[PDB]
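**Q** Next up is a structure, given as structure tokens.
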Protein chains: 2
Amino acid sequence: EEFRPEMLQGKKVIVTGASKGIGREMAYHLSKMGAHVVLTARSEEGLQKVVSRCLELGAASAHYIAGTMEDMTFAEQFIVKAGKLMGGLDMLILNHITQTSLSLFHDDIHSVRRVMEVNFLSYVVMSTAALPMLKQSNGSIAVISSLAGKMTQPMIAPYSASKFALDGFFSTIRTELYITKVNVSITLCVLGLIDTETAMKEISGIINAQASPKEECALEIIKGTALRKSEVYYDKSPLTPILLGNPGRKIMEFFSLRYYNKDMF
Amino acid sequence: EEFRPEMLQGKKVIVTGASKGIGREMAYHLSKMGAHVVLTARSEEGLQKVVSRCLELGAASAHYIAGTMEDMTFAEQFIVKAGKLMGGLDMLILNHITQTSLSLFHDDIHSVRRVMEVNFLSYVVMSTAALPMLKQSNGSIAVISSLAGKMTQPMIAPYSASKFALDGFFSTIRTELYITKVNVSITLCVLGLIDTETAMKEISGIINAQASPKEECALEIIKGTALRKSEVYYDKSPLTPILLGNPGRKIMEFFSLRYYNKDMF
Ligand SMILES: NC(=O)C1=CN([C@@H]2O[C@H](COP(=O)(O)OP(=O)(O)OC[C@H]3O[C@@H](n4cnc5c(N)ncnc54)[C@H](OP(=O)(O)O)[C@@H]3O)[C@@H](O)[C@H]2O)C=CC1
Ligand SMILES: NC(=O)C1=CN([C@@H]2O[C@H](COP(=O)(O)OP(=O)(O)OC[C@H]3O[C@@H](n4cnc5c(N)ncnc54)[C@H](OP(=O)(O)O)[C@@H]3O)[C@@H](O)[C@H]2O)C=CC1
Ligand SMILES: CCCCCCCC
Ligand SMILES: CCCCCCCC
């Protein structure tokens with residue numbers, strides 16, 4: 001199976017955190033492929049610029065709904081509104097996160113909660129609300145994560161906890177959908193350092209690593225999700241996918257199912 | 001180095017989720033070794049029975065403070081009170097969990113939030129509140145997890161997400177303590193199916209597998225934490241630790257540290 005930009009022509013796609021960074025780049029790529037898109041983020045001014053650029057790029061349709069993912073009711077209602085605007089949904093791309101800064105963890109529990117709320121909870125809420133429509137189109141969900149969701153590095157404990165949580169939850173959902181024969185795919189995207197101005201600003205004077213181009217990253221996420229792959233790794237080093245792939249875990253998961261009462265699903 | 005019960009003689013230890021299961025068995029073990037102990041759980045009546053048995057068993061002292069870990073203030077204050085009571089803290093064992101039954105996930109968002117609150121948030125709250133005392137005695141922290149915190153299995157998405165989150169948060173904390181030269185150890189205990197009433201009852205008719213004895217499990221957790229091991233695996237199969245150990249991750253974490261500005265530590 002090889003990718004062809006035709007696979008997204010006419011598709012109905014939602015993209016969160018599309019105001020800038022990887023999100024904005026995915027909007028552009030989806031637009032050049034003739035897809036229908038609905039974007040979201042906090043700033044209405046920023047969303048308007050990208051939506052304009054989207055039609056200008058060939059988007060079969062482009063719209064935006066500004067709001068904060070800290071509000072679960074908004075996250076939930078966002079999905080249904082987007083669904084109505086496009087008359088369905090083929091692909092959901094959960095990409096947004098809350099403002100994170102690098103620092104050794106001290107206290108600030110309220111910060112950890114906000115991180116788990118926006119980075120994790122809003123994702124389960126949106127995926128839950130979008131599943132009905134996704135089941136109708138045998139759609140897909142792309143969950144944006146990072147190396148920090150597969151490994152540990154200092155100064156990002158909260159962020160790291162939220163990304164690990166995403167793997168735990170959605171990997172379970174993926175196998176439940178598959179075990180109950182529902183044709184909806186879940187692609188976890190493991191991203192290394194990307195040259196977004198947010199990232200660069202944040203690791204300045206702290207991290208030395210080389211960053212990858214945000215445009216190609218955006219493309220690989222689209223490709224892997226359209227190809228219904230379980231996981232997509234994108235990092236400068238070709239060793240990252242092999243060192244973080246965890247083949248031992250795959251073996252354990254396969255054999256674990258043999259203990260379940262097959263009548264439960 | 002090898003373990004010797006004398007390593008806990010006189011040690012000041014906190015154990016959550018101590019009214020039953022593995023937590024109760026840990027209380028009995030710490031007691032026989034002559035440790036000071038303060039237990040917690042929701043059942044006041046239940047805690048009473050165990051603290052009494054602890055004194056009989058030979059505890060240097062034993063107290064209990066009933067409460068719900070769904071309350072972040074009760075969680076942080078439980079640690080301060082317990083600390084005052086023993087005059088310090090040597091070991092913190094985070095073992096409590098909110099209720100969860102096996103079931104294919106659907107849309108129980110309030111449950112998910114509750115699970116992350118109890119299973120994860122309260123844990124960071126307590127570890128934060130306890131760290132100052134642990135720093136004075138170069139103490140340890142044991143965070144109880146399960147196979148579901150290293151791998152994925154159907155019907156426990158919420159639980160699994162909270163356990164993955166613990167790995168991400170605490171492995172970061174562990175490495176941060178280490179690079180700043182603070183001598184406090186963090187032991188993640190990965191448990192297979194344990195022979196507790198709650199477990200056996202919850203998997204009935206759903207999962208058919210062999211469980212390990214709760215008493216030996218408790219003893220291994222204590223020995224591992226006492227020896228300051230980073231991780232402890234306790235399961236039927238001797239292959240489990242190897243398959244879930246993720247050596248690739250350990251390699252990636254080692255190499256990534258090289259890109260950090262050591263002045264920040
Ligand atoms: N850049 C990198 O190096 C790496 C990035 N990633 C992953 O990429 C994804 C995007 O990263 P990146 O492009 O760098 O991030 P950005 O900060 O550039 O983008 C974040 C997006 O989320 C939106 N947003 C921020 N706060 C909230 C909120 N409370 N509610 C709703 N929306 C919000 C932003 O719009 P607005 O602020 O206007 O709301 C923005 O469009 C994430 O899931 C991230 O963890 C992974 C590895 C590396
Ligand atoms: N048994 C097994 O197969 C396995 C167990 N484990 C791990 O072991 C630990 C507990 O072991 P297990 O014996 O199975 O669990 P149990 O359900 O038997 O014990 C749970 C403990 O948590 C307490 N608890 C329950 N609800 C709350 C709450 N809202 N606030 C504070 N405390 C609460 C209980 O006290 P009370 O009800 O009075 O509040 C009890 O003392 C967990 O951390 C778990 O993930 C891991 C893998 C397998
Ligand atoms: C969550 C308790 C069940 C774990 C099942 C283990 C199958 C090897
Ligand atoms: C915030 C994530 C930084 C990743 C740096 C590690 C490079 C392999």
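Each chain in the structure tokens gets a letter, A, B, ..., in the order shown, and its residues are numbered from 1; ligands are numbered from 1 in order too.
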Neighbouring residues of ligand 3 are defined here as those with any atom at most 9 Å from a ligand atom, counting only C-alpha atoms and all ligand atoms; list them as a ChimeraX atom specification.
**A** /A:252-253,255-260 /B:101-102,146-148,153,155-156,159-160,192-194,199-200,202-203,207-211
**Q** Kindly determine which residues of chain A lie within 6 Å of chain B, considering only C-alpha atoms, and give the answer as a PDB file with N, CA and C atoms, in the first residue's frame.
**A**
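Output file iface.pdb follows:
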ATOM      1  N   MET A 151       9.182   7.947  25.764  1.00  0.00           N
ATOM      2  CA  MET A 151      10.379   7.922  26.586  1.00  0.00           C
ATOM      3  C   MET A 151      10.370   9.126  27.510  1.00  0.00           C
ATOM      4  N   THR A 152      11.312   9.131  28.429  1.00  0.00           N
ATOM      5  CA  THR A 152      11.403  10.179  29.409  1.00  0.00           C
ATOM      6  C   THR A 152      12.634  11.065  29.257  1.00  0.00           C
ATOM      7  N   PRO A 154      14.169  14.979  31.083  1.00  0.00           N
ATOM      8  CA  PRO A 154      13.828  15.933  32.140  1.00  0.00           C
ATOM      9  C   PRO A 154      13.176  17.256  31.727  1.00  0.00           C
ATOM     10  N   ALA A 157       7.781  16.743  32.808  1.00  0.00           N
ATOM     11  CA  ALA A 157       6.993  15.710  33.465  1.00  0.00           C
ATOM     12  C   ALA A 157       5.480  15.768  33.191  1.00  0.00           C
ATOM     13  N   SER A 160       4.802  15.130  29.518  1.00  0.00           N
ATOM     14  CA  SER A 160       5.140  13.730  29.311  1.00  0.00           C
ATOM     15  C   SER A 160       4.046  12.802  29.831  1.00  0.00           C
ATOM     16  N   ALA A 161       3.530  13.104  31.017  1.00  0.00           N
ATOM     17  CA  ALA A 161       2.476  12.293  31.605  1.00  0.00           C
ATOM     18  C   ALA A 161       1.239  12.284  30.701  1.00  0.00           C
ATOM     19  N   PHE A 164       1.903  10.078  27.565  1.00  0.00           N
ATOM     20  CA  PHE A 164       1.958   8.659  27.897  1.00  0.00           C
ATOM     21  C   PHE A 164       0.508   8.202  28.077  1.00  0.00           C
ATOM     22  N   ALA A 165      -0.293   9.037  28.736  1.00  0.00           N
ATOM     23  CA  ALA A 165      -1.699   8.723  28.968  1.00  0.00           C
ATOM     24  C   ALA A 165      -2.415   8.499  27.621  1.00  0.00           C
ATOM     25  N   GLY A 168      -1.640   5.029  26.320  1.00  0.00           N
ATOM     26  CA  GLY A 168      -2.374   4.042  27.093  1.00  0.00           C
ATOM     27  C   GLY A 168      -3.848   3.948  26.731  1.00  0.00           C
ATOM     28  N   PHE A 169      -4.520   5.091  26.668  1.00  0.00           N
ATOM     29  CA  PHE A 169      -5.939   5.127  26.346  1.00  0.00           C
ATOM     30  C   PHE A 169      -6.249   4.722  24.905  1.00  0.00           C
ATOM     31  N   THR A 172      -5.644   1.192  23.700  1.00  0.00           N
ATOM     32  CA  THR A 172      -6.670   0.291  24.190  1.00  0.00           C
ATOM     33  C   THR A 172      -7.883   0.404  23.261  1.00  0.00           C
ATOM     34  N   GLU A 176      -9.815  -2.319  20.875  1.00  0.00           N
ATOM     35  CA  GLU A 176     -11.220  -2.601  21.165  1.00  0.00           C
ATOM     36  C   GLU A 176     -12.034  -2.450  19.884  1.00  0.00           C
ATOM     37  N   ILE A 206      18.425  25.588  26.451  1.00  0.00           N
ATOM     38  CA  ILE A 206      18.211  24.357  27.193  1.00  0.00           C
ATOM     39  C   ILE A 206      18.545  23.115  26.369  1.00  0.00           C
ATOM     40  N   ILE A 207      17.942  22.996  25.195  1.00  0.00           N
ATOM     41  CA  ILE A 207      18.189  21.838  24.357  1.00  0.00           C
ATOM     42  C   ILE A 207      18.875  22.164  23.042  1.00  0.00           C
ATOM     43  N   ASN A 208      19.877  21.345  22.755  1.00  0.00           N
ATOM     44  CA  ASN A 208      20.765  21.423  21.606  1.00  0.00           C
ATOM     45  C   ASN A 208      20.379  20.721  20.315  1.00  0.00           C
ATOM     46  N   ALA A 209      19.533  19.704  20.423  1.00  0.00           N
ATOM     47  CA  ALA A 209      19.115  18.905  19.268  1.00  0.00           C
ATOM     48  C   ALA A 209      18.663  19.669  18.018  1.00  0.00           C
ATOM     49  N   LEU A 243      14.262   2.099  18.148  1.00  0.00           N
ATOM     50  CA  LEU A 243      14.539   2.086  19.580  1.00  0.00           C
ATOM     51  C   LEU A 243      13.321   2.373  20.452  1.00  0.00           C
ATOM     52  N   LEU A 244      12.294   2.992  19.879  1.00  0.00           N
ATOM     53  CA  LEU A 244      11.103   3.303  20.654  1.00  0.00           C
ATOM     54  C   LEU A 244       9.896   2.455  20.270  1.00  0.00           C
ATOM     55  N   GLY A 248       8.752  -5.867  22.246  1.00  0.00           N
ATOM     56  CA  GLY A 248       8.378  -6.710  23.365  1.00  0.00           C
ATOM     57  C   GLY A 248       6.930  -6.476  23.758  1.00  0.00           C
ATOM     58  N   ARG A 249       6.519  -5.213  23.742  1.00  0.00           N
ATOM     59  CA  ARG A 249       5.155  -4.848  24.088  1.00  0.00           C
ATOM     60  C   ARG A 249       4.158  -5.445  23.087  1.00  0.00           C
ATOM     61  N   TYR A 259      -6.375 -14.640  26.706  1.00  0.00           N
ATOM     62  CA  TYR A 259      -6.955 -14.894  28.023  1.00  0.00           C
ATOM     63  C   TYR A 259      -8.363 -14.342  28.165  1.00  0.00           C
ATOM     64  N   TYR A 260      -8.791 -13.535  27.205  1.00  0.00           N
ATOM     65  CA  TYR A 260     -10.121 -12.947  27.264  1.00  0.00           C
ATOM     66  C   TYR A 260     -11.209 -13.892  26.785  1.00  0.00           C
ATOM     67  N   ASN A 261     -12.377 -13.768  27.405  1.00  0.00           N
ATOM     68  CA  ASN A 261     -13.541 -14.559  27.039  1.00  0.00           C
ATOM     69  C   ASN A 261     -14.035 -13.908  25.746  1.00  0.00           C
TER      70      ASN A 261
END
**Q** Go ahead and align chain B to chain A (same sequence, so just pair every C-alpha in order, least squares) and export the moved chain as a short mmCIF file (atom, residue, chain, number, x, y, z; two decimals) with C-alpha atoms, in the first residue's frame.
**A**
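The resulting file, superposed04.cif, is reproduced below:
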data_model
loop_
_atom_site.label_atom_id
_atom_site.label_comp_id
_atom_site.auth_asym_id
_atom_site.auth_seq_id
_atom_site.Cartn_x
_atom_site.Cartn_y
_atom_site.Cartn_z
CA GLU B 1 0.04 0.10 -0.24
CA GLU B 2 1.40 3.51 -1.18
CA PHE B 3 -0.03 6.97 -0.58
CA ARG B 4 -1.74 9.12 -3.21
CA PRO B 5 -3.01 12.65 -2.44
CA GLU B 6 -6.27 11.60 -4.11
CA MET B 7 -6.99 9.59 -0.95
CA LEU B 8 -8.02 12.83 0.76
CA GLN B 9 -9.80 14.51 -2.14
CA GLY B 10 -13.29 15.21 -0.85
CA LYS B 11 -12.56 13.83 2.63
CA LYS B 12 -14.12 15.66 5.58
CA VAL B 13 -11.38 16.54 8.06
CA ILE B 14 -11.15 18.22 11.46
CA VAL B 15 -7.82 19.63 12.66
CA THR B 16 -7.31 21.06 16.15
CA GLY B 17 -4.51 23.42 17.11
CA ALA B 18 -4.66 24.70 13.53
CA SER B 19 -3.79 28.38 14.02
CA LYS B 20 -0.07 27.63 13.78
CA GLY B 21 2.74 25.11 13.99
CA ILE B 22 2.26 21.64 12.56
CA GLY B 23 -1.52 21.99 12.76
CA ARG B 24 -1.49 24.91 10.33
CA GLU B 25 0.83 23.02 7.98
CA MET B 26 -1.57 20.06 8.04
CA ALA B 27 -4.46 22.35 7.09
CA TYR B 28 -2.46 23.59 4.09
CA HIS B 29 -1.69 20.02 3.03
CA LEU B 30 -5.24 18.73 3.33
CA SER B 31 -6.33 21.76 1.31
CA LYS B 32 -3.92 21.23 -1.59
CA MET B 33 -5.32 17.70 -1.75
CA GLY B 34 -8.86 19.04 -2.06
CA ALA B 35 -10.31 18.04 1.29
CA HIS B 36 -13.15 19.58 3.27
CA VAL B 37 -11.72 21.06 6.44
CA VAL B 38 -12.86 22.70 9.67
CA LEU B 39 -10.19 24.08 12.00
CA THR B 40 -10.09 25.11 15.65
CA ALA B 41 -7.89 26.95 18.14
CA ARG B 42 -8.23 29.87 20.57
CA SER B 43 -7.04 32.64 18.24
CA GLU B 44 -9.96 33.70 16.06
CA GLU B 45 -7.71 36.13 14.20
CA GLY B 46 -5.13 33.41 13.62
CA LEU B 47 -7.65 30.88 12.34
CA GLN B 48 -9.01 33.45 9.89
CA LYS B 49 -5.64 33.77 8.16
CA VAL B 50 -5.26 30.01 7.70
CA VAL B 51 -8.79 29.28 6.49
CA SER B 52 -8.32 32.00 3.86
CA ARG B 53 -5.03 30.46 2.76
CA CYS B 54 -6.75 27.07 2.64
CA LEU B 55 -9.35 28.28 0.11
CA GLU B 56 -6.57 29.77 -2.02
CA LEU B 57 -4.72 26.45 -1.79
CA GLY B 58 -7.72 24.56 -3.16
CA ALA B 59 -9.76 23.27 -0.21
CA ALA B 60 -13.17 21.81 -1.08
CA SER B 61 -14.39 24.01 1.78
CA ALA B 62 -12.92 25.53 4.95
CA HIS B 63 -14.31 26.79 8.25
CA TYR B 64 -13.00 27.65 11.72
CA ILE B 65 -14.51 27.70 15.21
CA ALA B 66 -12.44 29.52 17.82
CA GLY B 67 -12.47 28.26 21.41
CA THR B 68 -10.54 26.80 24.33
CA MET B 69 -10.11 23.06 24.72
CA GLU B 70 -10.01 23.58 28.48
CA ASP B 71 -13.80 23.60 28.15
CA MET B 72 -15.06 20.02 27.79
CA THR B 73 -18.47 21.21 26.55
CA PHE B 74 -16.93 23.43 23.88
CA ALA B 75 -14.83 20.41 22.92
CA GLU B 76 -17.70 17.99 22.44
CA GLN B 77 -19.91 20.60 20.77
CA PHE B 78 -17.13 21.70 18.43
CA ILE B 79 -17.17 18.19 17.01
CA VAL B 80 -20.95 18.12 16.57
CA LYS B 81 -21.03 21.52 14.83
CA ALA B 82 -18.10 20.68 12.55
CA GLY B 83 -19.79 17.41 11.66
CA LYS B 84 -23.03 19.18 10.76
CA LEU B 85 -21.10 21.72 8.70
CA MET B 86 -19.40 19.15 6.47
CA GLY B 87 -22.21 16.62 6.61
CA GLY B 88 -20.04 13.94 8.16
CA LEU B 89 -16.48 13.18 9.25
CA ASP B 90 -13.69 11.14 7.66
CA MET B 91 -10.63 12.05 9.70
CA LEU B 92 -10.10 13.58 13.14
CA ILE B 93 -6.68 15.06 13.89
CA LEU B 94 -6.17 15.81 17.60
CA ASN B 95 -3.18 18.14 17.71
CA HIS B 96 -3.80 20.92 20.25
CA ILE B 97 -1.76 21.31 23.42
CA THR B 98 -1.84 23.62 26.44
CA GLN B 99 1.15 25.85 27.12
CA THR B 100 4.17 24.44 28.92
CA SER B 101 7.74 25.58 29.37
CA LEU B 102 10.76 23.49 30.24
CA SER B 103 11.42 23.41 33.98
CA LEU B 104 12.28 20.98 36.74
CA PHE B 105 8.98 20.06 38.36
CA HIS B 106 8.21 21.53 41.78
CA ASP B 107 4.59 21.82 42.97
CA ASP B 108 2.50 23.36 40.18
CA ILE B 109 -0.52 21.09 40.78
CA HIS B 110 -2.99 23.35 39.00
CA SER B 111 -0.76 23.25 35.93
CA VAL B 112 -0.65 19.46 36.01
CA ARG B 113 -4.44 19.31 36.19
CA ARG B 114 -4.70 21.83 33.36
CA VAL B 115 -2.28 19.85 31.20
CA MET B 116 -4.10 16.56 31.73
CA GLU B 117 -7.38 18.35 31.04
CA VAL B 118 -6.31 19.89 27.73
CA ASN B 119 -3.66 17.45 26.53
CA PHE B 120 -5.60 14.29 27.43
CA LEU B 121 -9.22 14.64 28.59
CA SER B 122 -10.37 16.89 25.75
CA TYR B 123 -8.92 14.25 23.41
CA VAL B 124 -11.10 11.46 24.75
CA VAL B 125 -14.09 13.82 24.79
CA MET B 126 -13.63 14.67 21.12
CA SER B 127 -12.88 11.10 20.01
CA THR B 128 -15.99 9.91 21.86
CA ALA B 129 -18.16 12.62 20.30
CA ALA B 130 -16.71 11.92 16.85
CA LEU B 131 -16.75 8.12 16.86
CA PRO B 132 -20.37 7.77 15.69
CA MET B 133 -19.66 9.72 12.49
CA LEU B 134 -16.33 7.94 11.98
CA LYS B 135 -18.12 4.60 12.21
CA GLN B 136 -20.36 5.53 9.27
CA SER B 137 -17.46 6.39 6.99
CA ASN B 138 -14.95 3.96 8.48
CA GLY B 139 -12.88 7.01 9.32
CA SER B 140 -9.60 7.57 11.11
CA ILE B 141 -8.21 9.37 14.12
CA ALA B 142 -4.75 10.85 14.36
CA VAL B 143 -3.50 11.64 17.82
CA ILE B 144 -0.35 13.71 17.86
CA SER B 145 2.21 12.71 20.46
CA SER B 146 5.98 13.02 20.82
CA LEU B 147 9.10 11.13 21.79
CA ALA B 148 8.21 12.27 25.30
CA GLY B 149 5.19 10.00 25.04
CA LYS B 150 7.35 6.89 24.58
CA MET B 151 10.38 7.83 26.65
CA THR B 152 11.41 10.16 29.44
CA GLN B 153 13.45 13.40 29.49
CA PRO B 154 13.84 15.99 32.26
CA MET B 155 11.87 19.24 32.62
CA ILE B 156 8.56 18.11 31.05
CA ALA B 157 6.94 15.79 33.60
CA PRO B 158 3.36 17.16 33.13
CA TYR B 159 3.54 17.13 29.35
CA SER B 160 5.12 13.67 29.29
CA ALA B 161 2.44 12.23 31.59
CA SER B 162 -0.33 13.50 29.32
CA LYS B 163 1.37 12.03 26.25
CA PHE B 164 1.91 8.64 27.96
CA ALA B 165 -1.75 8.71 29.00
CA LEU B 166 -2.78 9.15 25.35
CA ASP B 167 -0.82 6.06 24.35
CA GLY B 168 -2.47 4.00 27.08
CA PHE B 169 -5.99 5.21 26.35
CA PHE B 170 -5.94 5.16 22.55
CA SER B 171 -3.99 1.96 22.07
CA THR B 172 -6.73 0.34 24.12
CA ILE B 173 -9.42 2.03 22.05
CA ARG B 174 -7.65 0.92 18.85
CA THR B 175 -7.57 -2.73 19.90
CA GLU B 176 -11.19 -2.51 21.10
CA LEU B 177 -12.34 -1.15 17.74
CA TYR B 178 -10.47 -4.02 16.10
CA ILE B 179 -11.82 -6.93 18.15
CA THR B 180 -15.42 -5.70 17.82
CA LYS B 181 -14.89 -5.48 14.04
CA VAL B 182 -15.42 -1.71 13.84
CA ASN B 183 -13.44 -0.27 10.94
CA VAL B 184 -12.12 2.97 12.42
CA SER B 185 -8.34 3.33 12.61
CA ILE B 186 -6.24 5.10 15.27
CA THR B 187 -2.81 6.48 14.39
CA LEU B 188 -0.48 7.62 17.19
CA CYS B 189 2.08 10.00 15.72
CA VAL B 190 5.37 10.08 17.63
CA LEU B 191 7.19 13.30 16.71
CA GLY B 192 10.78 14.27 17.39
CA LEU B 193 11.80 17.93 17.72
CA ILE B 194 9.89 19.92 15.09
CA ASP B 195 10.96 23.27 13.65
CA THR B 196 8.01 25.28 14.96
CA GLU B 197 8.44 28.72 16.51
CA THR B 198 6.89 27.57 19.79
CA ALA B 199 9.26 24.61 20.09
CA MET B 200 12.42 26.47 19.06
CA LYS B 201 11.56 29.28 21.46
CA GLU B 202 10.76 27.02 24.40
CA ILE B 203 14.01 25.00 24.23
CA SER B 204 16.28 28.02 23.69
CA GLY B 205 19.27 27.87 26.01
CA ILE B 206 17.93 24.63 27.52
CA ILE B 207 18.07 21.96 24.82
CA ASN B 208 20.46 22.09 21.89
CA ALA B 209 19.34 19.65 19.20
CA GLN B 210 18.48 19.60 15.50
CA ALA B 211 14.82 19.98 14.52
CA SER B 212 12.95 18.60 11.52
CA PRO B 213 10.91 20.72 9.04
CA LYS B 214 7.29 21.30 10.10
CA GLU B 215 5.94 21.00 6.55
CA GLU B 216 7.30 17.49 5.91
CA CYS B 217 6.18 16.46 9.40
CA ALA B 218 2.58 17.44 8.62
CA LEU B 219 2.65 15.53 5.34
CA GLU B 220 3.87 12.34 7.06
CA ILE B 221 1.12 12.51 9.69
CA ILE B 222 -1.52 12.76 6.96
CA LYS B 223 0.02 9.99 4.83
CA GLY B 224 0.30 7.72 7.84
CA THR B 225 -3.25 8.33 9.01
CA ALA B 226 -4.57 7.96 5.46
CA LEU B 227 -2.79 4.60 5.25
CA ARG B 228 -4.32 3.61 8.57
CA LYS B 229 -0.95 2.85 10.21
CA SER B 230 -1.11 2.17 13.96
CA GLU B 231 1.94 4.34 14.58
CA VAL B 232 3.97 6.98 12.79
CA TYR B 233 7.45 8.04 13.89
CA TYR B 234 8.89 11.23 12.47
CA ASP B 235 12.36 12.19 13.69
CA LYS B 236 15.89 12.95 12.46
CA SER B 237 17.35 9.57 13.38
CA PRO B 238 16.35 6.42 11.49
CA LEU B 239 17.12 4.59 14.75
CA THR B 240 14.32 6.29 16.72
CA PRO B 241 11.46 4.11 15.38
CA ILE B 242 13.49 0.97 16.12
CA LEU B 243 14.56 2.02 19.61
CA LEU B 244 11.11 3.18 20.69
CA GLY B 245 9.01 0.65 18.76
CA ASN B 246 8.91 -1.66 21.77
CA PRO B 247 8.49 -5.04 20.00
CA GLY B 248 8.40 -6.77 23.38
CA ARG B 249 5.19 -4.92 24.20
CA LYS B 250 3.56 -5.93 20.93
CA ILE B 251 4.37 -9.55 21.74
CA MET B 252 2.87 -9.29 25.24
CA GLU B 253 -0.32 -7.68 23.92
CA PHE B 254 -0.77 -10.49 21.40
CA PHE B 255 -0.44 -13.20 24.03
CA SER B 256 -2.65 -11.48 26.60
CA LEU B 257 -5.66 -11.34 24.29
CA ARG B 258 -5.80 -15.14 24.57
CA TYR B 259 -7.07 -14.95 28.14
CA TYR B 260 -10.14 -12.88 27.27
CA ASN B 261 -13.61 -14.41 26.80
CA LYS B 262 -14.30 -13.57 23.14
CA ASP B 263 -18.03 -13.38 23.86
CA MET B 264 -17.43 -10.06 25.60
CA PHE B 265 -16.33 -8.46 22.32
#
**Q** Tell me, which residues of stretch 58-205 of chain A carry DSSP strand (DSSP E), written as a ChimeraX atom specification?
**A** /A:61-64,91-94,140-146,185-191
**Q** Among stretch 82-200 of chain A, which ones does DSSP place in helix (DSSP H, G or I), written as a PyMOL selection string?
**A** chain A and resi 82-86+109-137+147-149+157-179+197-200
